[PDB]
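Presented below is the structure to which this report refers.
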Amino acid sequence: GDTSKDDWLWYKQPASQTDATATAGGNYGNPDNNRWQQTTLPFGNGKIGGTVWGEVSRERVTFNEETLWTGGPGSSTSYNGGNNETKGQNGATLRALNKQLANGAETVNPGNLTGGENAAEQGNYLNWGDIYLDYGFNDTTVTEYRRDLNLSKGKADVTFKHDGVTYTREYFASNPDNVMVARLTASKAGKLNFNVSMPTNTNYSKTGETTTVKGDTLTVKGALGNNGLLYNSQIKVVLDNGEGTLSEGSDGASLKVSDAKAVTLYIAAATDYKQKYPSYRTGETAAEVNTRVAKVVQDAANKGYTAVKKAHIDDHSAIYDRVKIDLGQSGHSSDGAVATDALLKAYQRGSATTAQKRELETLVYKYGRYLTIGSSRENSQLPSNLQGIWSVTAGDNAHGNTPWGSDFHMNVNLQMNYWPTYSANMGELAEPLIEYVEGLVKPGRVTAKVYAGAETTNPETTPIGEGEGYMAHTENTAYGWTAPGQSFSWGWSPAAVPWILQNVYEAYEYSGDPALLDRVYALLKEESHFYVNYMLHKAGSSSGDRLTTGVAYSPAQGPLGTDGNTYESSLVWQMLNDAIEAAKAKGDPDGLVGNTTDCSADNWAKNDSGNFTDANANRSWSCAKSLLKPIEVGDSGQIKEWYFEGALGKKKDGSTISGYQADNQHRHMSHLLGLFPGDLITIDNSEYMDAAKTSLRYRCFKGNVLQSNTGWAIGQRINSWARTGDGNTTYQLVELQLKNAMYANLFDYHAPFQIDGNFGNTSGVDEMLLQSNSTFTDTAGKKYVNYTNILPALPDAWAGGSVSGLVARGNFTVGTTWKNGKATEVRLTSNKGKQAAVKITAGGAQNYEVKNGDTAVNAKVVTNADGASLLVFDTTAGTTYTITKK
Ligand SMILES: [Ca+2]
Ligand SMILES: [Ca+2]
């Protein structure tokens, strides 16, 4: 085909010869594993993944399947989600601690709020192994070598000339046909000779593994030692025209292909995992999995390469091509095009041209969308983990050979994985996250009982929404590991659930979809019930006059075990906000919205049995929300991180806060979640926004110099800065992520490789060009909720450009063209007919007018007390409105 217009990451040498000189990080002491993370090119179908090395002779595709997880039922005889009954005492331990805080304690020792001690029960995500395609060349001398990742077509390509013959390789993983394809060619008949093997990683425990050949198919199968999970992979080799010979390798164990010209390999893998509490198994036998995997490769071969490839590209491109961004970038087809590793190095050196700078920025942005398609499909069994689905490291136990188990880290990281999912028009890719959080409900009720005394009768059978609450913490797995971890500071964080419910609720916010409303309403209802009934209390003297969440830590500074904090109260505020919105949208069938009549923190008074002593008092969602008072501006003009805080880093009396990083540059900004991702601190509130900008500047600058960071920290700061409207600072953060936190394969790093920052980048660029989360209040006091904000934080660096296919809440598809730093055209497609309300930050919307083609729309200009303006107008589903300067 014509690929000149496609987006490529491309390299002029194999992975083995690609620069892997950036910081390796923990677990990457093996030069070979470090080389994997910095140089290989990922692809996937949401379920299986490969990372292509592009080696000339011993070619290698590191292989993953999303469900290959140790831990869980079968890892012990008593697996119970890590919950420690002796520590939790059915809520008694937490209750006693909160009473101390209520009676005036500033801090308590939260040391016994722990669990999850058994690393075998926790487990971790495993690298499955490798596909090795050994051409058995005498040397690796080549010319005209290239390897690429075609982001537009979802496939990896390798080409080179060796001893008069041109060898090509193409790799993709089809979602529609559930199968990995390797298309391999030589330019001369009989010159394609290779050995096919697929060894499982040797660093995890396996029982009864066998490798059998039954040309045309190689099968590896066994069960995991740690938990008995059955696994099965197969490679079917189809000689393209039955030309060439298929034999068995001398080792076992491999398939040899001789004297061929071209072949297609069909690769499949599965386990008997099911996301289903409490057994987490399909109930299949090994033979039954073997048969299932066999049907995948056979079906694909019956379809054939042309049809499978066509179906793959149609499917991949349908999602990939929804968004287009032009900031003036060069690309792989440009005259004087630069390979992607050389591009990164030029960007780091300061010698990249404007076009090349825009190419790197724009490629990293696109890669975040690409990586979502590869790791998180609407039919994936699990959401993307700390590494999407791609890993090379393996070991049996949690906190072992793989950094943080490549797990589901739900106190910023899993959240970040789903920051760009809706705004960058990949909404259905959020489905496995929604299903994952749904999946936490049953096991989470066990935790909620043990640690907070919220008992759901028969947690297994009680529908989501009808139980007493579900609790989960930071480290999560495939197996309902909802217990807190073994040390409080990093292990305990029940507001992780509220937080991930933002990602979930946004699936409804951006779509208006009725079936999603029911699902998000059920999750929000039970979690809001949980907080109102079991987690909120009237604060003691240290935290002023308010309900707080009680025993808390602000990751990861200050005192352990304070009386609530801004981080948690901001999250609980948002959750109640969204639960109320969801209930209103349903006609508040359960009568839970209530009001603020006779509403007081005293209404939460409990006896020693945990029962309310004023049982019939108002504890409705509206009342509880109103009592949080999450944002308090402190004596330094900052957002307080603690309710006992005065000036920054100090208590009200001027003494210093212990555990506060006194240089003011603590890496986390847990108290700013109301600015991003939430709706608590917005451009529409200058008091709060000015204070949030003050907090951000203290955290992010040393002197007047903006500081670099990596991984999730830089991703969070880009998005947080975007919400302020400071496009220039936001952009300088983007530059700093590209310079200091991207490997040659554009994997984001911490170090080591962590995918969160890849997805965070894509989201941050979205939030520069379009915001949709805030609420505008006009001079008449009318609210415009989730108004469309065009170019809210456009950097001066991007003087002109266009973007199309972004999504705004209310379900509008948005395109924008700008020149000389100001919008020239907005194209707003109303997908659901919701009333439009449009701010034009780069232009002033009062200077614009609205048309439906030739029809002039009678848009009204409304303005707020601060003198900013919205264009408001009714819309019809399916219609595009063009907004242009008068
Ligand atoms: Ca997945
Ligand atoms: Ca919202």
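Numbering-wise (mature numbering (1 follows the signal peptide of the UniProt record, and there is no 0)), the sequence shown opens with residue 554 and increments by one. Ideal Cβ placement from N, Cα and C applies to all residues, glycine included.
Is the CB-CB distance between residue i and residue j below 8 Å?
i: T1382; j: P1345; result: no
i: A947; j: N780; result: no
i: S937; j: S944; result: no
i: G743; j: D812; result: yes
i: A951; j: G958; result: yes
i: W1126; j: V1146; result: no
i: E796; j: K814; result: yes
i: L666; j: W1034; result: no
i: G579; j: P1305; result: yes
i: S1042; j: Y1106; result: yes
i: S1422; j: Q1399; result: yes
i: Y971; j: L986; result: yes
i: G676; j: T1030; result: yes
i: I1267; j: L1289; result: yes
i: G1190; j: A1132; result: no
i: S1316; j: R1362; result: no
i: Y873; j: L704; result: yes
i: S1327; j: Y1340; result: yes
i: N1171; j: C1152; result: yes
i: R699; j: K848; result: no
Quick one: what's residue i bridged to in DSSP?
i: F1254; result: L1259
i: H1090; result: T1101
i: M733; result: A726 and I820
i: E1028; result: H962
i: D1116; result: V1104
i: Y564; result: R700
i: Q901; result: Answer by DSSP bridge pairing: none, since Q901 is not bridged.
i: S1422; result: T1416
i: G775; result: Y784
i: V790; result: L818
i: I1393; result: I1343
i: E1402; result: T1437
i: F747; result: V810
i: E1198; result: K1204
Return the residue from the list the options that minimises the CA-CA distance to residue i.
i: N748; options: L1225, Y688, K877 and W1274; result: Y688
i: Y1087; options: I788, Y1074, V1287 and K1002; result: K1002
i: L1076; options: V1125, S1064, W1045 and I1017; result: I1017
i: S1064; options: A1412, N1384 and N637; result: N1384
i: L939; options: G1264, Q591, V1391 and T1315; result: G1264
i: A1409; options: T1416, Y1401 and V1415; result: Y1401
i: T615; options: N586, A1170, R1362 and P1051; result: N586
i: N617; options: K1078, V609 and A823; result: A823
i: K1139; options: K1078, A1060 and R611; result: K1078
i: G997; options: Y1434, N636 and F1426; result: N636
i: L1054; options: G599, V1104, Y989 and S1107; result: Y989
i: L771; options: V790, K759, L783 and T571; result: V790
i: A673; options: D560, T925, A655 and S629; result: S629
i: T915; options: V876, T1330, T753 and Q901; result: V876
i: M979; options: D1098, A739, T1277 and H869; result: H869
i: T893; options: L880, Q909 and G881; result: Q909
i: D1319; options: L1089, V999, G1278 and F1329; result: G1278
i: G1144; options: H1082, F1165 and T1166; result: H1082
**Segments of 3+ residues assigned as beta strand (DSSP E) that fall wholly inside the stretch 573-636** = 594-597, 601-605 and 611-618
**Request:** Could you tell me which uninterrupted alpha helix (DSSP H) segments, each at least 4 residues in length, are contained entirely in the stretch 1257-1308, listed from first to last along the chain?
**Result:** 1264-1277 and 1280-1293
**Item:** Shell residues, 6 Å Cβ cut-off relative to heavy atoms of ligand 2
**Value:** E1062, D1232 and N1326
**alpha helix (DSSP H) segments (min. 4 residues) lying fully within the stretch 831-884** = 839-856 and 858-873
**Asked** Can you give, in chain order, each stretch of the beta strand (DSSP E) that sits fully within the stretch 685-713 and has at least 3 residues?
**Response** 696-703
**Prompt:** Curious, which full-length beta strand (DSSP E) runs of at least 3 residues does the stretch 1343-1388 contain?
**Reply:** 1354-1361, 1365-1372 and 1375-1383
**Prompt:** In the stretch 934-961, which residue ranges form an unbroken beta strand (DSSP E) of at least 3 residues, counting only runs that do not cross its ends?
**Reply:** none
**Item:** Inside the stretch 641-687 only - beta strand (DSSP E) runs reaching at least 3 residues
**Value:** 682-687
**Prompt:** Which ranges would you report for the alpha helix (DSSP H) in the stretch 1049-1082 if only whole runs of at least 4 residues count?
**Reply:** 1049-1062
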